[PDB]
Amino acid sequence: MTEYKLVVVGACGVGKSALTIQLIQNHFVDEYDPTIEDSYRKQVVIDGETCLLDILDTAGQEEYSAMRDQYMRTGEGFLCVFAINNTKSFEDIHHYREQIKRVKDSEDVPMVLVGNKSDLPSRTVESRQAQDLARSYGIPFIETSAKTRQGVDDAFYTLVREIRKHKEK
């Protein structure tokens, strides 16, 4: 069984946690203990190929800025997450992408842009702006809603697809 080491990155106050939590946790239980191994590993079928996702989310450690390379180096594919109500988190994405390319020593690293909606304040980043940025990087864009679970699977499955299209090459 193929295992994909995925890494979530983004600014604090953004819902990175919710994204990964909502993927892992059962569709209808709101229970989560992040200490145990099942917290970050999940078996899934994507395009009829069973595989194992290992997700690294270091949410809460954003101030340890010198550890980003360490954490990013562990990954094959990356979700670059911003919050649709925080313009600054959107503007920081270019920095994250650049640092990933540098760490992986590659111009073409499997990557998806994810814009997450949680709760108020209201949207400051229109989806078009994000579609445009994603297009300039040549990567997919997925918008998600943490609380309704909309987009969560799509975000992760799209990154796995990106990894497969990268490896066949």
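The numbering used is simple: start at 1 and walk along the sequence shown.
Stretch comparison (159-167 versus 3-11) by mean CA B-factor in the PDB entry places 159-167 on top. On average the C-alpha atoms of 31-39 have higher B-factors than those of the other stretch, with 108-116 and 31-39 being the two compared. By the numbers in the PDB entry, the CA B factor is greatest at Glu49 among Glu63, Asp132, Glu126, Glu49. Ranked by Cα temperature factor within the chain, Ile21 sits in the middle third according to the deposited record. Remark: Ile142 belongs to the lowest third of its chain, ranked by C-alpha B-factor as recorded. Placement of the Cα temperature factor of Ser122 within the chain: highest third of the modelled residues, per the deposited record. In this PDB entry, the Cα temperature factor of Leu53 sits in the middle third of its chain's modelled residues.
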